[PDB]
Amino acid sequence: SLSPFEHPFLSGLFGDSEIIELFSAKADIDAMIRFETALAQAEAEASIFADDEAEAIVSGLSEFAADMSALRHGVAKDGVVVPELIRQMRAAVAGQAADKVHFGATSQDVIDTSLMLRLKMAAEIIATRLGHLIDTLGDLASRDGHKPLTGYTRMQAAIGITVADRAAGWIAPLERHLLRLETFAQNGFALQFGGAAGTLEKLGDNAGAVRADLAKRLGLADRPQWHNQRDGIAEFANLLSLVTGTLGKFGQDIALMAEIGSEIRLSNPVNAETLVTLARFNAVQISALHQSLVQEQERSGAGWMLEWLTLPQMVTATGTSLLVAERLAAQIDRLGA
Amino acid sequence: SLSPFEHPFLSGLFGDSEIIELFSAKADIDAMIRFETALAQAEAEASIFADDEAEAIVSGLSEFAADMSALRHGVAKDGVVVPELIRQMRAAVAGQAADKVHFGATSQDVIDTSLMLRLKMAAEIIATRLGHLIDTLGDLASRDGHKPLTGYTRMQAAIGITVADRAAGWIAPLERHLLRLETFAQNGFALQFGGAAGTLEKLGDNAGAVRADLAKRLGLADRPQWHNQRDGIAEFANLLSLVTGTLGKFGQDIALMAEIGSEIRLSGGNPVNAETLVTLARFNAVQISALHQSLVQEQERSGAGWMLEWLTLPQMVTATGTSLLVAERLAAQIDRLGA
Amino acid sequence: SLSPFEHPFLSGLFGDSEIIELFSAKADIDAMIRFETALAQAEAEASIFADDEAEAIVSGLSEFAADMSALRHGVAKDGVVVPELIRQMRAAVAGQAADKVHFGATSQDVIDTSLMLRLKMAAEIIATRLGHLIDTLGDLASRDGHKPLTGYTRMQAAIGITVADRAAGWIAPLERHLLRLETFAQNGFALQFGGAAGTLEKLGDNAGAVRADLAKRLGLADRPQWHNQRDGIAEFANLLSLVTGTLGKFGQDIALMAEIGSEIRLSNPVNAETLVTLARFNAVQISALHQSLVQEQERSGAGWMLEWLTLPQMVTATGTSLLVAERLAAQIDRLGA
Amino acid sequence: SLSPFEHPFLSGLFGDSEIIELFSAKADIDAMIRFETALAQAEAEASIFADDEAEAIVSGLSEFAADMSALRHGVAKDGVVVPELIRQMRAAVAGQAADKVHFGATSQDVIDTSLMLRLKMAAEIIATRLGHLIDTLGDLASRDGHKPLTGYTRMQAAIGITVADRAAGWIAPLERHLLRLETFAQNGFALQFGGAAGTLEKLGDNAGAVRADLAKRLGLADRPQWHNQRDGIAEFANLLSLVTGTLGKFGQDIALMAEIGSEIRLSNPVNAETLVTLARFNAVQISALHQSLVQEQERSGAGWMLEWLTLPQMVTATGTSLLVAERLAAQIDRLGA
Ligand SMILES: [Cl-]
Ligand SMILES: [Cl-]
Ligand SMILES: [Cl-]
Ligand SMILES: [Cl-]
């Protein structure tokens, strides 16, 4: 396979089946079904169309299973999945209520909202692993923290420090990232709902009320459309790379102590090297999300699709990093003399 | 010169003297002088030495003049300015109080603290310019905001929208970046005071008291040393590129609108200022990668990672600064938006 | 799926099954078998063990199939496939000849050689596609090349030009990249054969002759080991990015001409935008391979795994770009007034 | 100043005045005079205007001093120096002859040719420094090469190697970089001469002849205009980073050996750490030149000006790297146990 994260043998090291499952084609489609179901309900609530048409959409979509091969044919034909997805959804809905699915929405609305739904779940997992890792590393520090370490500054031995002193440079930044992530998670996962040209012209003056209701139903933040405003995507990408960056410092430290040999015992430091790799991977990948801030006019295919290529691997690198760092810390049997 | 920001002619387009002068050798030395002065005062305040010894350091540093040839020679020999700087400062201090300048501090303490003092200054300028530009762009939208525009999605004409619809994509992210900056500036400019191996071993139990007073005197946040913790710098650099990125979207829009030619009127006759915004966006989008690579800063101190930040960050704050200058210039050229 | 290149629906746009199948675990395993097959033969040739010892290896590995799941657990245990892969290869070989597989080799030898064998295959497909695309764009220019076009310099209508004038900016760099790729392919795909610490300490005086024979059998260049010398990889990735870059310039022009709409007929320009995307993708990933030039000591796991993460998608991006560009050119019905 | 390369005290470590003075406003201007002097000579040779007017331009620009302030107002008015520069040049040339300076040329013609003229000079300096350092590292190798070293693979002590073995990983790629540079320098520094939209409209059938003559006179390659074809610039930039990447590998090895301390003597390995810094700097900047490959239409101010911002510092980082490595090499008094 192209990426080691999903590779049938290399995933023994780089694997993260829990985070990767959220970027599966099935998970995307489920979240896209969620968008369309909630949209129909929000539009009934605002009396755009009748209640019995929205319930026909809900029940029609409740047991909706997609034809994957035909969805691929869709993106081969159109460039984007949603017109063929919507076609399949209308085929599942009884009566004239099928003409009402996807009303007022555009392709970017359903794709970006699905992304935000799944990024939200990925961030919950990442925070949980972050808090557990902070505890594990804290246990490494409370076990061996009093023991002397030879300090090292600029590749030379320096004065003696302790294990607690060195550990604080691993743990304290991780605590900051947890807090950064928790603050982000409060309103950073936003509904994408702006219509063909970002103006919601099919909804007129009901635009604001439908948007509010749809956001609440999906558990997402109500914000005006951000079809070309991608600063929250780059902000989340920054955080991802901040976490890998700190864990790569941890990995670089452990590998150096391993090479010196006198001041650790491990149960060769492959996990430590893997942390550095992932740090440097995310530090490269951050550039692509920042290049994608320049998204011209109302919708930019060039800028938008660079995020498709690069973001899922950034959140996987961060999750893998947390797994591998947990595996490394269990290998550490003593720090210090 | 190497950079267009400082170039004798390319600065007609790329220059920002107000921001760039925060990265002058002189401005750096002044901030290092302030560090060493306040360190002396902080240590007398924590009863480490008496008031008259700190006062000998304070008055000696007030009329201290650094020798620049010598300082350059010092970084050739040592890699770092402060040993030679401290050597010179001691010569400006009379008596045995000269032995006490720089007590408890290491070179990364004075270099990073100086950087934070001056990045704080630059952040105040950038915040103010962001605020002004938000208003300017708001005035563009109030003048022509109900006027029709041809929407354009994925390089094809879409349905009609208004000028205020398109302008919200310029204005709204900038308003978020203003708020991001203000939040960062709350406690993000921190004192660097850790000593030789990050443990402030010279001060003992008085390390917390000295650090607290030193941070106060310099107007920086009191936080444990971050010699190898560079997340605040990567976070700050992220915001720098967030601003240029949005402004490059704005510039790209204007340039496309200029090329079509039917729904914009630019004065001066073309869209060089618009292209420049795009260039600067792509510049910082590249440079952000450098500060993220420097997150891996091994052991108690890492020359390799730390010096990458020296090569890259000042031009990132300059690009953000220049972008705000260029965005304001471009907006002043815009006579009409819409039909 | 993390990458739209392999995605069950996004591959309708980004797919390239021919190039992607070169990075499958099966193709890797088959390449690694070839390394170990030809290694035994080269060592028999230099009289290190008997001919029938080598022949038992050749035929035992001819019908070798890997236990993929056990290989996954091998990389979890060891950090790298090869110890496990070798253990299974030994069970497939009859007699005392089983001890002779992998003699004189290290894990990086078999992995980097496998890479090089399959990258040579990828570069062949990419050069064949490049030549064919140059014909196609040449056919566009011999149909419409006489027609006038509005020149555009720095986002402003400039003076008139012709279609041949503009098309030369598409064709000429591609012709240079073809020659570039052809020149690299001469001796740029090299054998990796250095043993534990790069010295081939198992072979003594027979090192030079074994390596030469092994390189010749595999169709690879005989160079001294390059375990920590990754400039040829970065050089190759540069080339990969050079191709997508030019095709991104092509895409950007087509997308711009489509927006204006008066001097092109297509048959909305998703393909033109996709090329711009893949250009900016490869212009980011090139950074990873250059960060990987810093590879410490005799083997750097941190620098080497960054290539694992990033290079397969660079060759796929280049390959997909050529596919998409061939599709985009086939949509162009008219250029000019 | 913004960059340590030029900084009043930081240039103690990062300075390279010989390379940096090739990117001074003066060296730029002098190269643009050279373009314009040779332009008039080439055009009088092809009989586009009289010889007296050609030698009025040559002699007019012999003692040309630029009003620098005015040139800066010129880039604030036009975006580029040349319109104000060409205006100053017609004030230096007597008669009506002054109507002919810049005839048939555009802004990007003189700017990119100036660049090419000075990168050619930078590359000569870099090649010389590279050969000298190959010899210097070779002398370190021939002094201590037989002495035992502890091998380290994947941050762990491996079997014993010798000094000569490890030194080959520093020397052999640099010998390949030297040949790469010599191969590039033969035809890679080209004249830019395309006119307003790449078609040399003012020239007519004299186009090819004037371009051949101008390139000969300036000691650059005759190639067709590459206003929007920046592959030679990304190619050259790749080379620059290959050189710093290898020196960064050398630098990281020395830093690690100093930290262990048992197997070297240095007469605090700051130079070794600086080489890593310069490798990672260039490994980041290579991305900008590859992003600048997408250059839309006949001229792209956006992509072109990103080269302006990033390429001079890439050539300076390579230049400085070779200076720092040569300083580090002289500090090495012993390699080996
Ligand atoms: Cl779409
Ligand atoms: Cl230091
Ligand atoms: Cl290995
Ligand atoms: Cl121009």
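Per chain, numbering begins at 1; letters A, B, ... match sequence-line order.
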Inset, instruction - Classify the side-chain pair C/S300/D/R154 by whether it contains a donor and acceptor separated by less than 3.5 Å. - result: no
Legend entry - Over 12 non-hydrogen atoms of neighbours within 6.0 angstrom of CG in C/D205: no
Inset, instruction - Step by step, work out the side chain to side chain donor-acceptor pair (under 3.5 Å) result for D/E21 and D/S17. - result: CA-CA 6 Å; D/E21 278 158 18; D/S17 60; 4.6 Å; no
Legend entry - Single hit among D/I134, D/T318, D/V243, D/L322 for side chain to side chain contact (heavy atoms under 4.5 Å, CB included) with D/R129: D/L322
Legend entry - Close aromatic pair by centroid cut-off 6.0 Å: D/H7 and D/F5: no
Inset, instruction - Tell me, please, which residues at least two apart from C/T113 pass side chain to side chain contact (heavy atoms under 4.5 Å, CB included). - result: C/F35, C/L117, C/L191, C/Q192, C/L218, C/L220
Legend entry - Pairs touching residues 78-87 of chain B that satisfy salt bridge (charged side-chain N to carboxylate O under 4.0 Å, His left out), sequence neighbours left out: B/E84-B/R87
Legend entry - Residues forming a ring-ring contact (aromatic ring centres under 6.0 Å, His included) with D/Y152, sequence neighbours excluded: none
Legend entry - For B/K77, side chain to side chain contact (heavy atoms under 4.5 Å, CB included) partners two or more places apart: B/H73
Legend entry - Donor-acceptor under 3.5 Å (C/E298 side chain, C/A197 main chain): no
Inset, instruction - List the steps, then state whether side chain to side chain donor-acceptor pair (under 3.5 Å) holds for C/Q297 with D/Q252. - result: CA-CA 8 Å; C/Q297 304 170 311; D/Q252 168 74 159; over 6 Å; no
Inset, instruction - Would you check if there is a donor-acceptor pair between the side chains of D/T274 and D/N271 at a distance under 3.5 Å? - result: no
Legend entry - Residue list, salt bridge (charged side-chain N to carboxylate O under 4.0 Å, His left out) with D/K26, at least two apart or on another chain: D/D30
Inset, instruction - Kindly write out the residues that satisfy side chain to side chain donor-acceptor pair (under 3.5 Å) with B/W310, not counting sequence neighbours, or none if the list is empty. - result: none
